[PDB]
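S.K.: Got a structure here, written out as structure tokens. Questions coming.
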Amino acid sequence: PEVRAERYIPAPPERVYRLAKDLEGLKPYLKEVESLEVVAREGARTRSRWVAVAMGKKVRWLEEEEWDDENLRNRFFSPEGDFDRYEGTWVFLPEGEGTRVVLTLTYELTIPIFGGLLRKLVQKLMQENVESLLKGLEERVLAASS
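Start counting the sequence shown at 2; every next residue gets the next number (the deposited numbering).
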């Protein structure tokens, strides 16, 4: 299944893009994220270790992001961790002197026994998570803007 969040940020795309790329600087404004560490940095891609909290227990994964500096987009995919699949794109679109940020996330989480019964709740949780990742980026861009 897939989730997508969309958010307008009052700042030029290039600036919003660059602030999202500095994940470790972004991390303090992601309230649902407990730990985010960049483990590897290479050319236009990094590797990072996420620990997030949903509903009191933690979900952990490693994430590879490929950064497209030219076109202000990124692609990410988890090769290992708690998700069978965790991937998507951040894109930063011009909307005025500002940025329409679009975050798309395809995930698959296998849950013993209850995976179909709680499919919609899981969905909503993943919706809140990406909406919050974006509201947290809003708050980064404002913080770094003073």
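C-beta: ideal position from N, C-alpha, C; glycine also.
Do the CB positions of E129 and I10 come within less than 7 Å of each other?
M.R.: No, these two residues do not count as a Cβ contact at 7 Å.
S.K.: Considering only residues of the same chain and omitting the five flanking positions on each side of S133, which have a CB-CB separation below 8 Å?
M.R.: Closer than 8 Å at Cβ, skipping near neighbours: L31, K32 and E33.
S.K.: Can you list, in chain order, the residues of its chain whose CB lies under 6 Å from that of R48, leaving out five sequence neighbours each side?
M.R.: Once the five neighbours on either side are set aside, the close Cβ partners of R48 are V40, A41 and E65.
S.K.: Could you name the residues of the same chain whose beta carbon sits closer than 7 Å to that of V123, not counting the 5 residues immediately before and after it, in chain order?
M.R.: Once the five neighbours on either side are set aside, the close Cβ partners of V123 are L110.
S.K.: For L24, report the span of its alpha helix (DSSP H) as first-last.
M.R.: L24 -> alpha helix (DSSP H) spans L24 to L27.
S.K.: Take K22 as the anchor and find which of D83, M56 and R74 has the nearest alpha-carbon.
M.R.: Residue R74 is the option with its Cα nearest to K22.
S.K.: Compute the Euclidean distance between the alpha carbons of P113 and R101, then round it to the nearest angstrom.
M.R.: Rounded to the nearest angstrom, the two C-alpha atoms are 38 Å apart.
S.K.: Going straight from the alpha carbon of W62 to that of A55, what length do you get?
M.R.: Straight-line Cα distance between these residues: approximately 13 Å.
S.K.: Rounded to the nearest angstrom, what separates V131 and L119 at their Cα positions?
M.R.: Computed Cα separation, rounded: 19 Å.
S.K.: Can you look up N75 in the DSSP assignment and give me helix, strand or coil?
M.R.: Looking at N75 - three-state DSSP - the assignment turns out to be strand.
S.K.: Any chance you could list the beta strand (DSSP E) runs of at least 3 consecutive residues sitting entirely within the region 25-55, in chain order?
M.R.: With a minimum length of 3 residues, the continuous beta strand (DSSP E) runs that stay inside the region 25-55 are 34-43 and 46-55.
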